[PDB]
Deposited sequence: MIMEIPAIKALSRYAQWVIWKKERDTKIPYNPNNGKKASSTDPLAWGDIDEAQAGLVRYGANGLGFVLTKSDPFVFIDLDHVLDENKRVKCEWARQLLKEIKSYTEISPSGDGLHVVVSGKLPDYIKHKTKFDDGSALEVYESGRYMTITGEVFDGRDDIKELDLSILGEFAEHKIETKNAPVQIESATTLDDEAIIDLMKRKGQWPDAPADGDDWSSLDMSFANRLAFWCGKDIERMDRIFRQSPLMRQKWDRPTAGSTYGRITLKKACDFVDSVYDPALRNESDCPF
C-alpha cells in the first residue's frame, strides 16, 4: 500500500524508521525491533521500513515514523488543524501555502491536519512554531525530531520535491531624528533608491546608495547607518560578520573614502546623478 508511494520509496532507503503510540496527547516513538522507547538522536534505536512494518504489528503501534537527522535533507512542514470534517483546507493561510509549496502532502493521523515533506533547507530566521488565532499552527523541523508517516496522500501530491523554502518567511513568525529631513531631501532630489528587483546585483545597489548617503549625510557614519536601515536596500547581510567588521560597516566606510563632496546645509548641487 504505502511502500509504492514515491515519497515512501525515498524514505525507505534509510534505516531511520520508528513506530509510535499515542500516550495521552503526545506521540512517543518506539524502537520497532525491541519495542522500547526510542530516542531521536540514537540511530541504533531505529530500523529500516521492514522492521518498522513488522514491529508495527507486533507491539500494536498507532503508525510508522521517520526520524529527521542532520545528514538527510527532508524538511517536515506540519500544518495543524487546517482541514474541516470533509478533509478540505479550511484555513486561508494553508490554502496559500499549498499553492506556494507543492511537494509530498499527506493527511496527519488525527485527520484534520496536513504534513508537507520537502527536500531543502529552512530559513534560519523563522520560528519552529507559529500559532494562529484560528487554532491552526505552522511548524517546521529539519532534524532532532521524528515525523509520523501515514501515506494518506493529499491532492495527489505523492512525490518529495527539492524546493526553495524562502516563501515560508511570509507565513511563519520571525525572530531576532534629523534623518527624516535628510531622507525627504533625498527623495526630493531623486536620490532615494527603489526596492531591488530580480536579477539585480543587490551588493552593487548598496554601494551606489551608500556613496550618495556619504554625500547627503556628511560622512556621519552613524547617520548613514540609521538611514540605510530605513531604506528598501536593507537586509540581513548588512549586519553579517565579515573580516572583523560587518558587510554594512565595510560598505559605509568605503563610501566615506570614495566621495569628496559633502552636503553642509548650504547648496546641494554637488554630486551624484538621480536614480
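Within the chain's deposited sequence, the coordinate-free stretch is confined to 177-190.
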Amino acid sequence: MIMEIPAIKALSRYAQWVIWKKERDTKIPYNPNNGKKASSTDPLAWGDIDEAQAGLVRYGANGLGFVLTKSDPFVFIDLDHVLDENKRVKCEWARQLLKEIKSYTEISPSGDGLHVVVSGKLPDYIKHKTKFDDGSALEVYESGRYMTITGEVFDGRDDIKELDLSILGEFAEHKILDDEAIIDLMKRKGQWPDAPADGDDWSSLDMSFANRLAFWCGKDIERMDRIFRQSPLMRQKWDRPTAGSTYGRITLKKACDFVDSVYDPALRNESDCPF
From here on, numbers count along this sequence of modelled residues.
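Remark: stretch with higher mean C-alpha B factor among 262-270 and 249-257 is 262-270.
Stretches compared: 127-135, 73-81. Higher mean C-alpha B-factor in the entry: 127-135.
For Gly55, the recorded CA B-factor ranks within the highest third of the chain. Only modelled residues enter the ranking.
Ranked within its chain, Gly111 lands in the middle third, by CA B factor from the PDB record. Sorting the modelled residues of the chain by their CA temperature factor places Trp216 in the highest third. The deposited CA B-factor of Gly35 belongs to the highest third of values across its chain. Sort the modelled residues of the chain by CA B factor and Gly151 lands in the lowest third.
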